[PDB]
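Structure data (JSON, C-alpha atoms and all ligand atoms) from target33.json:
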[["chain", "number", "residue", "atom", "x", "y", "z"],
["P", 1, "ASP", "CA", 0.00, 0.00, 0.00],
["P", 2, "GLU", "CA", 0.82, 3.66, -0.48],
["P", 3, "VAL", "CA", 1.03, 6.33, 2.18],
["P", 4, "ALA", "CA", 1.04, 10.03, 1.41],
["P", 5, "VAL", "CA", 3.40, 12.49, 3.02],
["P", 6, "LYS", "CA", 3.05, 16.21, 2.44],
["P", 7, "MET", "CA", 6.04, 18.60, 1.90],
["P", 8, "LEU", "CA", 5.14, 21.76, 3.83],
["P", 9, "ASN", "CA", 6.46, 25.23, 4.50],
["P", 10, "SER", "CA", 4.48, 25.24, 7.80],
["P", 11, "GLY", "CA", 3.01, 22.22, 9.65],
["P", 12, "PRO", "CA", 3.25, 20.06, 12.78],
["P", 13, "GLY", "CA", 6.63, 20.95, 14.37],
["P", 14, "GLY", "CA", 7.04, 24.38, 12.70],
["P", 15, "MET", "CA", 8.67, 25.60, 9.49],
["P", 16, "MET", "CA", 9.83, 23.23, 6.70],
["P", 17, "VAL", "CA", 8.33, 19.89, 7.68],
["P", 18, "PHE", "CA", 7.20, 16.54, 6.28],
["P", 19, "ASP", "CA", 3.78, 15.49, 7.63],
["P", 20, "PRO", "CA", 3.88, 12.85, 8.90],
["P", 21, "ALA", "CA", 7.57, 12.99, 9.84],
["P", 22, "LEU", "CA", 7.49, 9.34, 11.06],
["P", 23, "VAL", "CA", 6.16, 6.62, 8.77],
["P", 24, "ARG", "CA", 5.73, 2.89, 9.61],
["P", 25, "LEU", "CA", 5.55, 0.67, 6.46],
["P", 26, "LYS", "CA", 5.66, -2.97, 5.47],
["P", 27, "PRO", "CA", 8.02, -4.27, 2.80],
["P", 28, "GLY", "CA", 6.44, -3.58, -0.64],
["P", 29, "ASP", "CA", 4.79, -0.34, 0.66],
["P", 30, "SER", "CA", 5.40, 2.97, -1.12],
["P", 31, "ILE", "CA", 5.23, 6.61, -0.01],
["P", 32, "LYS", "CA", 3.88, 9.30, -2.31],
["P", 33, "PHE", "CA", 5.48, 12.65, -1.25],
["P", 34, "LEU", "CA", 3.10, 15.49, -2.18],
["P", 35, "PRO", "CA", 4.32, 18.93, -3.20],
["P", 36, "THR", "CA", 1.67, 20.68, -1.01],
["P", 37, "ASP", "CA", 4.03, 23.62, -1.01],
["P", 38, "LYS", "CA", 6.57, 24.05, -3.81],
["P", 39, "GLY", "CA", 10.34, 24.07, -3.38],
["P", 40, "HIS", "CA", 10.72, 20.77, -1.46],
["P", 41, "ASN", "CA", 12.34, 17.44, -2.39],
["P", 42, "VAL", "CA", 13.32, 14.16, -0.77],
["P", 43, "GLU", "CA", 16.87, 12.80, -0.61],
["P", 44, "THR", "CA", 18.50, 9.99, 1.28],
["P", 45, "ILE", "CA", 20.69, 11.11, 4.21],
["P", 46, "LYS", "CA", 23.86, 8.94, 3.69],
["P", 47, "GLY", "CA", 24.47, 6.59, 6.65],
["P", 48, "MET", "CA", 20.69, 6.46, 7.31],
["P", 49, "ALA", "CA", 19.60, 3.47, 5.15],
["P", 50, "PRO", "CA", 19.81, -0.32, 5.13],
["P", 51, "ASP", "CA", 22.59, -1.68, 2.94],
["P", 52, "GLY", "CA", 21.30, -2.46, -0.52],
["P", 53, "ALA", "CA", 18.66, 0.32, -0.58],
["P", 54, "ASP", "CA", 18.84, 2.58, -3.70],
["P", 55, "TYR", "CA", 19.80, 6.26, -3.14],
["P", 56, "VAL", "CA", 16.81, 8.58, -3.56],
["P", 57, "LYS", "CA", 17.09, 12.09, -4.92],
["P", 58, "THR", "CA", 13.87, 13.62, -6.23],
["P", 59, "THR", "CA", 13.21, 16.75, -8.28],
["P", 60, "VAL", "CA", 12.26, 19.81, -6.39],
["P", 61, "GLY", "CA", 8.55, 20.73, -6.44],
["P", 62, "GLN", "CA", 7.38, 17.42, -8.02],
["P", 63, "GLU", "CA", 5.25, 14.60, -6.56],
["P", 64, "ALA", "CA", 7.46, 11.52, -6.15],
["P", 65, "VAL", "CA", 6.94, 7.93, -5.24],
["P", 66, "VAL", "CA", 9.44, 5.75, -3.40],
["P", 67, "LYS", "CA", 8.85, 2.01, -3.15],
["P", 68, "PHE", "CA", 10.46, 0.23, -0.19],
["P", 69, "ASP", "CA", 11.66, -3.35, -0.27],
["P", 70, "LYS", "CA", 14.56, -3.67, 2.19],
["P", 71, "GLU", "CA", 13.48, -3.62, 5.86],
["P", 72, "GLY", "CA", 15.15, -1.19, 8.27],
["P", 73, "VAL", "CA", 15.43, 2.48, 9.20],
["P", 74, "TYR", "CA", 15.69, 5.24, 6.56],
["P", 75, "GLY", "CA", 16.35, 8.97, 7.13],
["P", 76, "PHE", "CA", 15.40, 11.43, 4.43],
["P", 77, "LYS", "CA", 16.02, 15.15, 4.12],
["P", 78, "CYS", "CA", 14.62, 17.92, 1.98],
["P", 79, "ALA", "CA", 17.89, 19.05, 0.28],
["P", 80, "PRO", "CA", 17.32, 22.80, 0.17],
["P", 81, "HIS", "CA", 15.89, 22.78, 3.77],
["P", 82, "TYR", "CA", 18.14, 20.27, 5.63],
["P", 83, "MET", "CA", 19.82, 23.04, 7.68],
["P", 84, "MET", "CA", 16.25, 24.08, 8.60],
["P", 85, "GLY", "CA", 15.47, 20.60, 9.98],
["P", 86, "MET", "CA", 13.24, 19.24, 7.16],
["P", 87, "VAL", "CA", 13.73, 15.50, 7.75],
["P", 88, "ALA", "CA", 11.63, 12.36, 8.02],
["P", 89, "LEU", "CA", 12.17, 8.84, 9.32],
["P", 90, "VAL", "CA", 10.85, 5.72, 7.59],
["P", 91, "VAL", "CA", 10.67, 2.33, 9.34],
["P", 92, "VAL", "CA", 10.11, -0.66, 7.11],
["P", 93, "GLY", "CA", 9.22, -4.11, 8.49],
["P", 94, "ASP", "CA", 10.76, -5.40, 11.70],
["P", 95, "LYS", "CA", 14.51, -5.51, 10.97],
["P", 96, "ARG", "CA", 16.53, -3.07, 13.03],
["P", 97, "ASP", "CA", 20.07, -4.02, 11.90],
["P", 98, "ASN", "CA", 20.87, -0.41, 10.88],
["P", 99, "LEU", "CA", 19.22, 1.43, 13.81],
["P", 100, "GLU", "CA", 22.41, 2.09, 15.89],
["P", 101, "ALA", "CA", 24.17, 3.19, 12.69],
["P", 102, "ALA", "CA", 21.32, 5.49, 11.57],
["P", 103, "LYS", "CA", 20.87, 7.05, 15.07],
["P", 104, "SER", "CA", 24.66, 7.73, 15.21],
["P", 105, "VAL", "CA", 24.69, 10.10, 12.19],
["P", 106, "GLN", "CA", 25.15, 13.64, 13.53],
["P", 107, "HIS", "CA", 23.27, 16.75, 12.43],
["P", 108, "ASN", "CA", 22.93, 20.45, 13.37],
["P", 109, "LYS", "CA", 21.18, 21.15, 16.66],
["P", 110, "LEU", "CA", 17.80, 21.99, 15.11],
["P", 111, "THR", "CA", 17.61, 18.84, 12.95],
["P", 112, "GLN", "CA", 18.85, 16.68, 15.86],
["P", 113, "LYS", "CA", 16.07, 18.00, 18.07],
["P", 114, "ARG", "CA", 13.53, 17.00, 15.49],
["P", 115, "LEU", "CA", 14.87, 13.47, 15.11],
["P", 116, "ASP", "CA", 15.10, 12.77, 18.82],
["P", 117, "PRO", "CA", 11.41, 12.24, 19.45],
["P", 118, "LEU", "CA", 11.03, 10.25, 16.24],
["P", 119, "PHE", "CA", 13.78, 7.87, 17.27],
["P", 120, "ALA", "CA", 12.17, 7.70, 20.70],
["P", 121, "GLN", "CA", 8.92, 6.56, 19.09],
["P", 122, "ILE", "CA", 10.64, 3.63, 17.30],
["P", 123, "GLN", "CA", 12.24, 2.37, 20.50],
["C", 1, "CU", "CU", 11.92, 21.57, 1.88]]
Final structure tokens representation of the file:
Amino acid sequence: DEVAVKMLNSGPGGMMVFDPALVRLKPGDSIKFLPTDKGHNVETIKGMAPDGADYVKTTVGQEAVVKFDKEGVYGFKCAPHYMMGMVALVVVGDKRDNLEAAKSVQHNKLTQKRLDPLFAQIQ
């Protein structure tokens, strides 16, 4: 099945957010990222993906679909707004092999503060 996530200038958590910012999926699920507001994309954050997953880098302002097959923890950023904390976390299936790795990637203060509660909600 396919879950929609909106790319927003203003939403739950403040400026430059994905809503929802935490997505639980099953292997085979897809997300459709909706350009609610223009000027957003989705891109893998290196070190925040199970080994074998393809690198994602979408075109700014377009709807995009990402299908998920490998189980594990994925972190995605909005490229132009990463410094502004626009990030999301995707959990696929039950495998948590890459969790300690993904949680160990460092970020600016603002982005870190956003991820904290998401990680907390996966533990
Ligand atoms: Cu953005």
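Distance annotation: of P:6, P:67, P:24, P:96, the residue with the minimal separation from ligand CU 1 (chain C) is P:6; atom set is all atoms listed in the file.
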Task: ligand CU 1 (chain C) neighbours within 6 Å using all atoms listed in the file, as a ChimeraX atom specification - done: /P:16,40-41,78,80-81,86
Open item on the list: Show me the residues around (10.9, 7.8, 2.1) - criterion: an atom at most 7 Å away, only C-alpha atoms counted - as a VMD selection string.
Closed with: chain P and resid 31 66 76 90
Residues from last step as file, C-alpha atoms, as a JSON list (two decimals), in the frame of the given file:
[["chain", "number", "residue", "atom", "x", "y", "z"],
["P", 31, "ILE", "CA", 5.23, 6.61, -0.01],
["P", 66, "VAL", "CA", 9.44, 5.75, -3.40],
["P", 76, "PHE", "CA", 15.40, 11.43, 4.43],
["P", 90, "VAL", "CA", 10.85, 5.72, 7.59]]
TODO: Can you work out the spacing between CA of residue 107 in chain P and CA of residue 77 in chain P in Å, to one decimal?
DONE: 11.1 Å
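From CA of residue 63 in chain P back to CA of residue 39 in chain P, the distance works out to 11.2 Å.
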How big is the axis-aligned box, and where does its centre sit, when it encloses all atoms of range 59-73 of chain P listed in the file and has 6 Å added on every side, reported in Å to one decimal as AutoDock Vina command-line options?
--center_x 10.3 --center_y 8.5 --center_z 0.5 --size_x 22.2 --size_y 36.4 --size_z 29.5
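Excluding residue 56 in chain P itself and any same-chain residue fewer than 6 positions from it, the protein and nucleic acid residues within 8 Å of it, counting only C-alpha atoms, are residues 42, 43, 44 and 66 of chain P.
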Open item on the list: Given only C-alpha atoms as the basis, pick out the residue of P:21, P:1, P:33, P:116 nearest to residue 58 in chain P.
Closed with: P:33
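Between CA of residue 91 in chain P and CA of residue 110 in chain P the interatomic distance comes to 21.7 Å.
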Open item on the list: When you look at residue 28 in chain P with a cut-off of 10 Å (counting all atoms listed in the file), what residues show up, excluding the ones that are within fewer than 3 positions of it in the same chain? I need them as a ChimeraX atom specification.
Closed with: /P:1-2,25,67-71,92-93
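Distances here use all atoms listed in the file; by that measure, the residue among P:52, P:26, P:95, P:57 closest to residue 73 in chain P is P:95.
Minimum distance to residue 79 in chain P across P:20, P:12, P:27, P:61 (counting only C-alpha atoms) occurs at P:61.
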Task: Proximity to residue 72 in chain P - best of P:121, P:38, P:50, P:105, all atoms listed in the file - done: P:50
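If you measure from each of P:84, P:22, P:120, P:115 to residue 10 in chain P using all atoms listed in the file, the closest one turns out to be P:84.
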Open item on the list: At a cut-off of 10 Å, using only C-alpha atoms, what residues contact residue 109 in chain P? Leave out same-chain residues fewer than 5 positions from it and give the result as a list in words.
Closed with: residues 83, 84, 85 and 114 of chain P
